Amino acid sequence: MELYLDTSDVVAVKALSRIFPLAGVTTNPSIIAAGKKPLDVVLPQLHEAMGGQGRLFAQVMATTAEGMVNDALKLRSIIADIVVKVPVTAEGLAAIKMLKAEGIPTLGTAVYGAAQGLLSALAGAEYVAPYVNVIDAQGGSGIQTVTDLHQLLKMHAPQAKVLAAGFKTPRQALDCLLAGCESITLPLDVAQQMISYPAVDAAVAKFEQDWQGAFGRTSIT
Amino acid sequence: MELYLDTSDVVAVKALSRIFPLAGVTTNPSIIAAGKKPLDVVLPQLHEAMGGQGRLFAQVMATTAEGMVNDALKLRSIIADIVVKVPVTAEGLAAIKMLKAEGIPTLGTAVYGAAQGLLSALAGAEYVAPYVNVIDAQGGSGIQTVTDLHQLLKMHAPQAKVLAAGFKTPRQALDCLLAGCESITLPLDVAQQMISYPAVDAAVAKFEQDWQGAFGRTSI
Amino acid sequence: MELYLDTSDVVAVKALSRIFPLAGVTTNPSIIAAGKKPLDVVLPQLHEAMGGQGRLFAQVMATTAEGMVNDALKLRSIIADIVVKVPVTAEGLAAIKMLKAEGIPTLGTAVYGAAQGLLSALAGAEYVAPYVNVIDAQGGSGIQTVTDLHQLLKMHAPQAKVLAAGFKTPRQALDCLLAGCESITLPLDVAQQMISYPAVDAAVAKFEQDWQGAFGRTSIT
Amino acid sequence: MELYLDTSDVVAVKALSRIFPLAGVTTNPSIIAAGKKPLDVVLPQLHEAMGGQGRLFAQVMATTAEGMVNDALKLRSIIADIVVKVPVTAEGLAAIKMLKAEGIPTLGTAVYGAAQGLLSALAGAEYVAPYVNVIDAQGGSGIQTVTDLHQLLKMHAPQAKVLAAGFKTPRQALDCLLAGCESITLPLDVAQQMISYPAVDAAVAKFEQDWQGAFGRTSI
Amino acid sequence: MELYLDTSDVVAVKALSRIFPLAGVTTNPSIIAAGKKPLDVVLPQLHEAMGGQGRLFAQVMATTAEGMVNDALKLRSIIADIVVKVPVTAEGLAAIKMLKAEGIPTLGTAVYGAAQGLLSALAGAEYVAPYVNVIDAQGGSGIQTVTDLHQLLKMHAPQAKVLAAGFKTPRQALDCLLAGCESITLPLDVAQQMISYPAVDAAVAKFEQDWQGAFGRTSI
Amino acid sequence: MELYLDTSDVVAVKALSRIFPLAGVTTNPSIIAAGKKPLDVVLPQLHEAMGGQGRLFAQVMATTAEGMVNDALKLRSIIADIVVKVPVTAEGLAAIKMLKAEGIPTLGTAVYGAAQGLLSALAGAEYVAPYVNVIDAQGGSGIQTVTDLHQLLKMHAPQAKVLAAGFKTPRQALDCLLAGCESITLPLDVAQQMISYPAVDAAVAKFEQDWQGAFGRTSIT
Amino acid sequence: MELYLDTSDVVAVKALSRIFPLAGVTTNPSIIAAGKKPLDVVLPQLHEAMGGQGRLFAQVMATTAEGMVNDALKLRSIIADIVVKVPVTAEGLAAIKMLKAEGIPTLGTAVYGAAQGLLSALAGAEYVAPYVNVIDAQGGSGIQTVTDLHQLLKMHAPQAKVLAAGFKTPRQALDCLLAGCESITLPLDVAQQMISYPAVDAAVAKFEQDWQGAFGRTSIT
Amino acid sequence: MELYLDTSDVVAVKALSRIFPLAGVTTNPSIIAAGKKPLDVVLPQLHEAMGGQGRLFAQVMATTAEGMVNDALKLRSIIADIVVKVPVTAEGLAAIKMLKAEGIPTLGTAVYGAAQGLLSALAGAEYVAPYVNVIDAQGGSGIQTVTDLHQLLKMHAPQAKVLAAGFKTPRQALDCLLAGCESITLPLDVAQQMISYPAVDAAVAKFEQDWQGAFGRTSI
Amino acid sequence: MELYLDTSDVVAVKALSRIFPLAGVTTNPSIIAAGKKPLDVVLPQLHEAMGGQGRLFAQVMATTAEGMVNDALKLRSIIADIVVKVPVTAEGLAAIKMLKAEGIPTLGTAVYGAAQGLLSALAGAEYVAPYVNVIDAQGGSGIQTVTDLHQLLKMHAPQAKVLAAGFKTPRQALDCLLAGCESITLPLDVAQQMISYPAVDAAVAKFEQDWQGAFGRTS
């Protein structure tokens with residue numbers, strides 16, 4: 001199991017790497033755009049903010065296979081071991097095949113369907129990222145798509161893992177983990193909700209009160 | 001897992017071999033007939049259009065076992081490593097048994113039933129091809145037949161795989177893959193629908209707009 | 001239960017109305033475009049080809065609610081009792097609400113989601129038409145969407161029916177009918193496959209042979 | 001619920017009408033052909049052999065709707081209240097529609113699929129007869145087809161009933177009855193197996209022995 | 001719901017009628033034989049031992065329909081409102097049909113199968129009695145047979161009820177009641193186990209101890 | 001079925017009342033606080049923005065039953081037919097009982113459990129509002145709680161309905177509607193996502209192109 | 001998996017051994033009686049009609065264990081490697097135990113119950129043959145009994161296999177194979193129905209017509 | 001699987017050891033009491049009646065752990081390899097722990113609950129014996145308890161097996177075997193019912209008649 | 001499978017260690033507070049009351065990770081091999097990560113959610129303790145949470161076990177054991193109910209009566 005943060009926010013990655021067991025950080029174009037720092041600045045910073053270990057993901061922007069391969073080589077010169085995210089289109093699949101030949105790890109992104117996702121794995125991607133909340137929001141079922149996709153990868157492309165992406169609620173992350181996803185990437189608001197519960201804070205308060213009212217302090221000797 | 005295109009269209013095989021991870025191409029008599037080129041012309045062309053790698057399948061035409069074995073030897077002289085498709089009839093099963101003895105890979109085709117399909121595997125076929133959409137269309141369930149057939153092969157003939165064939169919609173291909181089929185063959189219209197989605201195109205458009213409105217270009 | 005043909009083909013409607021128990025004919029813009037005859041020509045012809053009984057459906061083209069209401073009034077002047085098809089968008093829903101006020105039957109079309117479909121029913125549509133094969137083809141499940149939509153209509157909008165639309169195989173039509181759809185519309189290729197079976201033809205052949213080989217003819221006296 | 005015998009055997013109908021609660025007798029062309037007596041002879045005999053009460057079913061032979069309607073009028077002149085069996089084809093459906101207009105009860109026969117069966121009900125048939133064992137034998141599931149068909153009739157054509165037909169084993173008849181079929185037609189070998197059990201005969205023997213060994217006879 | 005005791009033991013019927021809400025008493029030949037008293041003695045005694053209210057059941061002994069009808073008329077002259085138990089055989093069904101015509105309530109007994117049971121209901125029986133423990137013991141499932149039979153009666157013969165019979169354990173009686181049987185008949189050993197529990201006796205003991213240790217007595 | 005918007009945003013209520021078939025608008029303290037306008041200003045504005053038809057909901061602030069009853073009487077003097085939202089606590093239940101006696105419709109809010117929710121219905125509330133996303137976020141299942149709550153109301157308090165509240169995704173609203181909720185209240189971001197789909201926009205575009213390429217315009221005559 | 005024919009018909013065994021992959025032939029007393037040829041004639045003929053390869057099964061007639069062991073020794077002198085069919089009764093089980101001691105393969109036949117069948121396996125039988133159609137016909141479920149029996153053998157007697165016997169329809173054979181039976185024996189009428197389908201014949205006809213109407217023949221060069 | 005008889009009846013053990021594949025014989029206090037012969041007489045007789053092969057089980061009578069350990073040592077001096085039955089109480093568990101230390105195989109008996117049964121396995125028992133019919137009779141479910149107990153043993157104490165005990169019907173024995181119990185112990189009435197079926201006797205009769213009517217004898 | 005008692009009651013631990021196969025004893029702050037004896041007194045007593053064998057668990061009190069690590073080192077100086085219970089909060093997870101680095105076994109406690117519990121296992125905890133009755137009582141399902149948590153640990157953190165905690169009834173303990181928990185900790189009232197049954201006592205009585213009425217003694 002591989003826990004990823006889904007952010008370009010360097011400060012928050014350094015803070016949360018003390019708390020969560022992070023395998024790394026995932027980016028997409030919208031998340032880099034929101035940060036307003038370009039790739040040759042933010043990727044090295046993100047790499048340094050996890051202490052120079054663990055995996056980064058960034059997306060190609062080009063529309064053609066030849067262009068997506070050049071975008072990949074550009075990303076690999078910024079971060080030597082980066083995994084190249086490639087959207088799963090006709091041109092996407094062709095790029096994933098070429099990138100397998102050159103030996104550059106890829107991830108099939110913008111997956112809205114299990115069949116689509118499996119094709120990217122068979123083409124050579126070692127991660128496949130269905131956009132859970134987007135499928136959910138566009139009238140379908142993100143959990144069904146992730147469940148189906150994980151089953152397909154485990155029978156037909158065992159070398160590949162689902163990297164479940166795009167969460168508005170922790171329930172979505174839990175249902176993906178229960179369906180068997182070997183990797184997931186949390187936005188910062190969902191990661192926060194996953195570790196801070198009112199019910200737990202009340203349990204800790206009561207433990208302090210009971211320890212106080214019996215030993216006159218709230219600490220150990 | 002083995003992805004096959006179900007076509008005699010040489011141009012489309014060359015285009016799509018750049019995109020899909022193809023294990024090869026399947027033919028039947030109707031698909032060769034539609035192409036209007038005979039087997040000694042189209043098979044070598046199809047072989048060359050996937051870069052000389054991966055498997056071809058072509059069907060015997062004869063009515064008797066002895067005749068189906070001769071049809072097989074003719075196909076093997078056109079393509080040395082071709083897999084012979086044999087319809088699963090009384091005479092079909094007898095040919096599959098004879099072809100196992102000679103050591104020529106076969107596929108049991110025109111399978112409308114799980115029991116029928118298993119007999120072809122036990123006889124020696126290493127692929128079994130239920131006609132999914134035809135079972136579906138003729139009042140039955142292609143998915144139930146493929147599901148049952150895959151279970152039967154995995155318990156009673158582990159040497160054999162389902163090669164699910166005959167799709168009008170990508171859902172049918174997905175349900176066969178989810179039921180565990182280790183091979184499938186897509187017609188060109190279904191393969192196209194499986195890789196091009198409006199929702200994905202909109203996601204890519206939005207990524208370009210966001211990157212534009214923050215860095216002033218759409219590239220790196 | 002209401003069986004509809006999904007065609008502008010006047011000749012085939014007259015042929016098949018002798019065979020199928022037709023409640024009428026559904027059209028969309030693409031189906032009218034393929035026929036190359038405009039609405040004021042083809043609709044009266046389609047109406048005459050079912051013997052001047054039964055329901056017609058045709059789609060508005062406008063982008064605004066006010067425009068969709070005018071498109072509706074134009075359709076009602078061609079066929080007095082036509083049901084107006086309205087795509088289920090923001091502007092679509094607003095038009096359906098206005099058309100309920102004026103008392104013009106509407107159908108919520110271009111439905112890719114159960115929630116979307118229910119909103120069109122609550123707005124006033126008395127038919128809701130999920131595009132079964134399109135949902136199926138775009139990585140989702142048409143049967144799940146139709147099943148969910150029918151459940152929603154039966155709990156929350158009992159005045160409305162699912163009119164399942166868009167079939168590449170008869171199995172899809174059967175699964176919609178089994179999920180409880182009170183209306184369906186078949187393209188001509190699927191309707192043909194639903195009534196002609198090789199296995200049935202062989203059963204009839206054998207009945208003729210047995211009757212021949214015992215009474216010397218293939219007819220009754 | 002309506003129990004039918006599926007036979008032209010007049011002697012066996014008279015014997016079994018004493019035992020089973022029969023609603024009548026069903027015929028098909030093959031069953032009349034086997035009997036070698038024509039319709040104007042055997043139908044009145046079958047009607048008399050159930051004591052002139054309950055329903056008869058016989059099949060049209062013609063290929064066109066107009067021809068199937070004439071075949072129907074011929075059957076109605078032999079037996080005034082007969083139900084006309086019509087195979088569910090393009091021409092079949094057209095005949096069923098015409099026969100509804102004239103007010104002659106019909107049954108949609110030779111049904112190998114649920115969708116097919118529902119169309120015959122919507123067209124006007126008040127019975128629909130899926131050939132259970134034939135679907136079962138031709139690689140499909142007769143029970144699935146009957147179950148689906150009954151569900152379809154109850155939602156979309158409540159005026160119609162399934163008349164399940166074609167049994168090689170009593171299990172098939174039980175599974176159709178459990179799936180909710182409001183009518184069924186048994187061949188003579190299956191009807192016999194449904195009422196005679198070794199286990200029951202042993203229970204009756206033991207009751208006689210216990211009554212003997214306590215009162216010195218086996219009666220009251 | 002109708003609770004019956006399955007015994008000829010007059011003393012035990014009078015004791016248990018004070019405790020259970022009895023609808024009556026069922027007999028079979030083996031149970032009358034064990035009691036060693038003949039029908040014209042024991043039936044009036046059993047009727048009196050439930051205070052002259054509620055239903056009795058007794059079984060015919062004859063092998064032929066005409067004989068089973070005479071056995072029925074003999075039982076009706078002993079107890080005017082008795083329900084005639086008839087084993088479900090060829091001859092059984094014919095007798096049930098004749099007994100419906102004469103207007104004498106019957107019960108189809110010695111039922112080892114759901115289809116068998118339904119035929120007896122369609123023939124006119126208003127009770128059907130599958131031998132639960134015997135089906136269970138002879139390698140099958142009494143609960144499955146009772147469940148199937150109850151479903152069949154509720155769809156196809158609503159006039160009839162299952163009277164589940166033959167229990168070695170209270171679980172069997174509970175599973176029949178949960179499957180929906182509107183009548184059941186308990187042997188004395190099972191009825192006893194259904195009302196006396198160690199856990200309940202311990203609960204009552206503890207209530208007495210708590211009341212003692214607070215008020216100094218065990219009464220009010 | 002009763003569709004509610006969950007907002008104090010008067011402008012957006014007037015825009016969306018043209019589109020959705022609204023039964024009214026729900027408020028809570030946090031939603032009124034965000035709007036920065038007090039109750040005697042915003043409630044009459046919200047009432048006018050749905051054209052003076054359909055229901056409003058607002059929450060009491062007090063800690064005691066007697067105080068919650070006074071808060072209710074204050075709300076009823078601002079909007080004569082308002083439904084009083086009461087949090088389901090010890091004091092909450094006591095207020096709901098008193099408010100039933102006086103004949104003022106109430107809603108049991110801040111429901112994190114099915115048992116809790118049923119007690120508010122038995123006490124006299126005619127709506128019960130489980131906080132779906134909050135239960136989901138705090139490690140539980142909002143859908144399970146809503147499903148259980150709806151079953152409980154239908155067996156044990158048939159006079160009451162679930163008013164499902166608090167959504168981050170339209171899937172959550174769909175699963176509540178499928179579980180049988182006879183009322184729901186959508187925040188503006190979820191309501192928007194429920195009516196606008198990329199797949200539908202593409203279908204409408206293609207209909208315009210086909211009609212263009214056959215009749216030379218994109219409108220009807 | 002082991003396919004057996006259930007017949008004494010020597011001619012039909014030789015015809016069908018060309019088509020089916022036969023592991024051998026099963027007999028019972030009724031099937032030998034119908035053939036009217038005694039065991040010392042028909043068994044060697046049946047052995048020769050499958051080309052002298054694969055297994056034969058024949059049934060003992062005796063009522064006592066000592067008698068069933070003698071019947072076994074008589075069968076083994078006709079066919080050296082024959083499997084002895086023993087009905088599963090008190091005396092049957094005792095014979096199976098004795099035959100295990102002497103090292104003669106046995107099959108527990110006339111099995112109407114899963115418990116009965118398991119006892120024969122534990123006693124030493126390496127095949128157990130529930131009479132599927134007879135259980136089905138006598139008011140029970142052959143499929144349930146075979147399913148239960150196969151589960152029991154796989155947990156409690158892994159040395160043994162179900163040899164499902166007695167079919168009136170191919171569905172019964174399919175349901176036994178789907179429940180996991182590692183061996184089955186088909187009567188000739190069921191074996192025929194399992195390989196000849198009208199729908200397949202129509203598919204082959206259409207292939208010939210298409211090949212004809214494009215190359216002017218129905219053969220390959 | 002280990003098949004056990006649940007009896008002190010030496011004659012019946014010798015008869016049935018010829019028929020059933022017995023792993024041995026189980027006793028309890030009530031079963032020894034019914035036999036009226038004490039342990040030092042009946043156990044060696046039972047051991048000899050299965051030909052001096054396979055396992056015996058007998059129960060301790062003492063109330064305290066120290067007493068149950070002495071009872072165990074007494075049983076081991078009568079039969080060297082006997083398995084000691086210990087009721088699963090507070091004192092029971094303590095004895096099982098002590099008996100594991102000394103190296104004497106034990107069985108946790110009088111188990112009415114899955115949790116109770118698991119504790120006896122964790123304490124060191126290598127068999128756990130839920131009283132199936134008693135749980136069933138006292139308003140609960142013996143099958144549920146055995147199913148749960150077997151699951152618990154397989155996850156949390158793999159060294160231990162369920163020895164299902166206490167049957168009034170063969171269905172109960174079958175449901176325990178289907179739930180996965182690796183050992184079971186049958187009373188004589190249930191063991192008899194498990195091997196003698198009327199339906200099988202009729203099948204054998206018919207085989208004799210067919211062989212007679214074709215060869216003139218009933219032998220080879 | 002690892003059976004734990006959930007108590008600071010030294011006398012009851014010594015009594016019940018004769019009966020149950022105990023892997024050790026778990027403590028929390030409230031349970032130590034109720035006992036009124038501090039950790040440096042009660043922990044060595046609890047260790048001695050199970051005969052110096054099997055595991056002890058005690059909870060940190062501090063609010064910060066650095067403070068929770070110091071609390072851990074204090075516990076390890078009282079009992080060398082103790083497992084440090086750590087509540088699963090932001091600061092909790094950070095402490096669990098630091099304690100994995102130093103090589104001190106930890107348990108993620110105060111778990112009210114499956115996702116929460118899995119994070120503590122991924123962080124390095126080798127036990128995770130959902131508060132079953134508290135989840136049950138606060139409107140949720142303890143059995144669902146334990147079932148989900150066990151599934152998550154077995155797929156994503158196989159190094160870790162569920163230690164199900166907080167029971168008001170033996171059914172709750174059974175449903176956790178059936179869902180596959182490889183460890184559990186029983187309060188004394190539930191442990192007692194799990195071994196003493198009226199129905200069993202009646203069965204033993206009847207065995208004595210039958211043996212009496214046939215051999216004239218109860219030996």
# chains A, B, ... in the order shown; residues from 1 in each chain; ligands from 1

call {"tool": "interface_residues", "arguments": {"of": "chain B", "to": "chain A", "cutoff": "9 Å", "atoms": "only C-alpha atoms", "output": "ChimeraX atom specification"}}
result
/B:1-3,16-21,170-171,173-174,177-178,180-182,192,194-197,199-201,203-204,206-215,218-220

call {"tool": "write_last_selection", "arguments": {"atoms": "C-alpha atoms", "output": "mmCIF file, in the first residue's frame"}}
result
data_model
loop_
_atom_site.group_PDB
_atom_site.id
_atom_site.type_symbol
_atom_site.label_atom_id
_atom_site.label_comp_id
_atom_site.auth_asym_id
_atom_site.auth_seq_id
_atom_site.Cartn_x
_atom_site.Cartn_y
_atom_site.Cartn_z
ATOM 1 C CA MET B 1 -4.278 -11.527 -21.267
ATOM 2 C CA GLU B 2 -4.365 -11.599 -25.116
ATOM 3 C CA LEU B 3 -6.059 -8.723 -27.066
ATOM 4 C CA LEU B 16 -4.271 0.270 -34.372
ATOM 5 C CA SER B 17 -1.122 -1.884 -33.699
ATOM 6 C CA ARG B 18 0.595 1.479 -32.804
ATOM 7 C CA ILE B 19 -2.129 2.110 -30.113
ATOM 8 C CA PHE B 20 -3.418 -1.248 -28.684
ATOM 9 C CA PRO B 21 -1.095 -3.945 -27.263
ATOM 10 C CA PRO B 170 -17.892 -2.417 -25.108
ATOM 11 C CA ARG B 171 -20.002 -3.427 -22.011
ATOM 12 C CA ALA B 173 -16.265 -6.991 -23.742
ATOM 13 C CA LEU B 174 -15.955 -5.650 -20.129
ATOM 14 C CA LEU B 177 -13.076 -9.631 -19.092
ATOM 15 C CA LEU B 178 -14.632 -9.346 -15.525
ATOM 16 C CA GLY B 180 -12.124 -13.916 -16.248
ATOM 17 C CA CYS B 181 -11.579 -14.543 -20.051
ATOM 18 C CA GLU B 182 -7.764 -14.721 -20.647
ATOM 19 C CA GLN B 192 -12.547 2.569 -31.179
ATOM 20 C CA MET B 194 -13.189 1.559 -25.832
ATOM 21 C CA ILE B 195 -10.400 4.290 -26.139
ATOM 22 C CA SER B 196 -12.272 7.522 -27.118
ATOM 23 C CA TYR B 197 -14.513 9.159 -24.419
ATOM 24 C CA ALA B 199 -15.657 13.019 -20.720
ATOM 25 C CA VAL B 200 -11.851 12.423 -21.071
ATOM 26 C CA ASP B 201 -11.564 14.965 -23.965
ATOM 27 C CA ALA B 203 -10.843 16.776 -18.816
ATOM 28 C CA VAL B 204 -7.846 17.300 -21.231
ATOM 29 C CA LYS B 206 -9.765 21.891 -18.949
ATOM 30 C CA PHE B 207 -6.099 20.885 -18.179
ATOM 31 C CA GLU B 208 -4.926 22.954 -21.243
ATOM 32 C CA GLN B 209 -7.137 26.001 -20.205
ATOM 33 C CA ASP B 210 -5.831 25.927 -16.554
ATOM 34 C CA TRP B 211 -2.157 25.611 -17.732
ATOM 35 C CA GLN B 212 -2.721 28.471 -20.297
ATOM 36 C CA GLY B 213 -4.398 30.835 -17.740
ATOM 37 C CA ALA B 214 -1.404 30.418 -15.323
ATOM 38 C CA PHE B 215 1.784 30.086 -17.547
ATOM 39 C CA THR B 218 -0.103 24.975 -23.355
ATOM 40 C CA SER B 219 3.351 23.148 -23.350
ATOM 41 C CA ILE B 220 6.542 22.599 -21.180
#

call {"tool": "interface_residues", "arguments": {"of": "chain F", "to": "chain C", "cutoff": "10 Å", "atoms": "only C-alpha atoms", "output": "ChimeraX atom specification"}}
result
/F:1-3,16-22,170-171,173-175,177-183,192-197,199-201,203-204,206-215,218-221

call {"tool": "interface_residues", "arguments": {"of": "chain I", "to": "chain F", "cutoff": "8 Å", "atoms": "only C-alpha atoms", "output": "ChimeraX atom specification"}}
result
/I:112-116,138-141,145

call {"tool": "atom_distance", "arguments": {"atom1": "atom CA of residue I:186", "atom2": "atom CA of residue I:6"}}
result
5.5 Å

call {"tool": "residues_around", "arguments": {"residues": "stretch 26-42 of chain H", "least_positions_apart": "6", "cutoff": "6 Å", "atoms": "only C-alpha atoms", "output": "JSON, numbers by chain"}}
result
{"H": [6, 8, 56, 57, 58, 59, 78], "I": [207, 210, 211, 214]}

call {"tool": "interface_residues", "arguments": {"of": "chain E", "to": "chain H", "cutoff": "8 Å", "atoms": "only C-alpha atoms", "output": "ChimeraX atom specification"}}
result
/E:133,136-141,168-171,193-194,197-198

call {"tool": "select_by_dssp", "arguments": {"residues": "stretch 67-170 of chain F", "states": "strand (DSSP E or B)", "output": "list in words"}}
result
residues 83, 84, 85, 86, 87, 106, 107, 108, 109, 110, 111, 127, 128, 129, 130, 131, 161, 162, 163, 164 and 165 of chain F

call {"tool": "write_last_selection", "arguments": {"atoms": "N, CA, C and O atoms", "output": "short mmCIF file (atom, residue, chain, number, x, y, z; two decimals), in the first residue's frame"}}
result
data_model
loop_
_atom_site.label_atom_id
_atom_site.label_comp_id
_atom_site.auth_asym_id
_atom_site.auth_seq_id
_atom_site.Cartn_x
_atom_site.Cartn_y
_atom_site.Cartn_z
N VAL F 83 -40.74 26.00 9.20
CA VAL F 83 -40.49 24.75 9.97
C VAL F 83 -39.26 24.98 10.85
O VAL F 83 -38.22 25.37 10.30
N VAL F 84 -39.38 24.70 12.14
CA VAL F 84 -38.31 25.00 13.13
C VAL F 84 -37.35 23.80 13.20
O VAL F 84 -37.78 22.73 13.64
N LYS F 85 -36.16 24.12 12.87
CA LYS F 85 -35.11 23.05 13.01
C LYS F 85 -34.67 22.93 14.48
O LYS F 85 -34.08 23.91 15.04
N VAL F 86 -34.61 21.91 15.25
CA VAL F 86 -34.23 21.63 16.67
C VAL F 86 -33.17 20.54 16.71
O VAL F 86 -33.44 19.40 16.32
N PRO F 87 -31.96 20.81 17.23
CA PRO F 87 -30.94 19.77 17.30
C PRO F 87 -31.43 18.67 18.24
O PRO F 87 -32.11 19.01 19.18
N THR F 106 -41.82 20.91 13.31
CA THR F 106 -40.38 20.87 13.66
C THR F 106 -39.63 19.84 12.81
O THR F 106 -40.27 18.95 12.22
N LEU F 107 -38.31 19.96 12.77
CA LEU F 107 -37.40 19.03 12.08
C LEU F 107 -36.30 18.68 13.07
O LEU F 107 -35.74 19.60 13.68
N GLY F 108 -36.02 17.39 13.27
CA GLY F 108 -34.92 16.96 14.15
C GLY F 108 -33.62 17.04 13.38
O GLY F 108 -33.49 16.26 12.45
N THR F 109 -32.73 17.96 13.70
CA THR F 109 -31.46 18.13 12.95
C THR F 109 -30.26 17.63 13.78
O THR F 109 -30.45 17.17 14.92
N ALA F 110 -29.07 17.71 13.20
CA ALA F 110 -27.79 17.27 13.79
C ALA F 110 -27.90 15.80 14.20
O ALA F 110 -27.44 15.47 15.30
N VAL F 111 -28.47 14.97 13.34
CA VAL F 111 -28.70 13.51 13.57
C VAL F 111 -27.49 12.76 12.99
O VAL F 111 -27.23 12.91 11.78
N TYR F 127 -39.93 16.05 9.99
CA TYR F 127 -38.70 15.83 9.20
C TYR F 127 -37.59 15.42 10.16
O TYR F 127 -37.63 15.86 11.31
N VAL F 128 -36.64 14.59 9.70
CA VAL F 128 -35.42 14.21 10.45
C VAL F 128 -34.24 14.30 9.48
O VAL F 128 -34.32 13.68 8.42
N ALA F 129 -33.17 15.02 9.84
CA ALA F 129 -32.09 15.41 8.91
C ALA F 129 -30.76 14.83 9.36
O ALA F 129 -30.04 15.46 10.11
N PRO F 130 -30.40 13.61 8.96
CA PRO F 130 -29.06 13.10 9.23
C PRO F 130 -28.07 13.89 8.37
O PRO F 130 -28.40 14.20 7.25
N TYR F 131 -26.95 14.25 8.97
CA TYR F 131 -25.84 15.01 8.35
C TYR F 131 -24.98 14.00 7.58
O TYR F 131 -24.00 13.46 8.16
N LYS F 161 -40.65 12.05 7.61
CA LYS F 161 -39.81 11.82 6.42
C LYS F 161 -38.36 12.12 6.76
O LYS F 161 -38.12 13.00 7.58
N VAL F 162 -37.43 11.42 6.11
CA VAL F 162 -36.00 11.81 6.13
C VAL F 162 -35.85 13.03 5.21
O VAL F 162 -36.43 13.01 4.12
N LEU F 163 -35.19 14.08 5.68
CA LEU F 163 -34.71 15.21 4.85
C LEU F 163 -33.18 15.12 4.85
O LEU F 163 -32.55 15.70 5.75
N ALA F 164 -32.62 14.35 3.93
CA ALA F 164 -31.18 14.08 3.88
C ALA F 164 -30.47 15.42 3.60
O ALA F 164 -30.95 16.16 2.72
N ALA F 165 -29.41 15.69 4.36
CA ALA F 165 -28.69 16.98 4.36
C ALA F 165 -27.18 16.73 4.40
O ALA F 165 -26.77 15.73 5.01
#

call {"tool": "residues_around", "arguments": {"residues": "stretch 61-67 of chain I", "least_positions_apart": "4", "cutoff": "6 Å", "atoms": "only C-alpha atoms", "output": "VMD selection string"}}
result
(chain A and resid 219) or (chain I and resid 91 94 to 95)

call {"tool": "write_last_selection", "arguments": {"atoms": "N, CA, C and O atoms", "output": "compact mmCIF listing (two decimals), in the first residue's frame"}}
result
# COMPACT_ATOMS: atom_id res chain seq x y z
N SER A 219 0.22 14.00 33.09
CA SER A 219 1.45 13.43 32.49
C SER A 219 1.95 12.21 33.29
O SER A 219 1.36 11.89 34.32
N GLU I 91 -0.78 13.98 16.07
CA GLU I 91 0.44 13.88 16.91
C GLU I 91 0.72 12.41 17.22
O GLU I 91 1.92 12.02 17.16
N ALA I 94 2.53 10.69 14.26
CA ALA I 94 3.93 11.19 14.20
C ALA I 94 4.79 10.45 15.24
O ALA I 94 5.95 10.11 14.93
N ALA I 95 4.23 10.20 16.42
CA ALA I 95 4.89 9.48 17.53
C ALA I 95 5.09 8.03 17.12
O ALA I 95 6.18 7.49 17.34
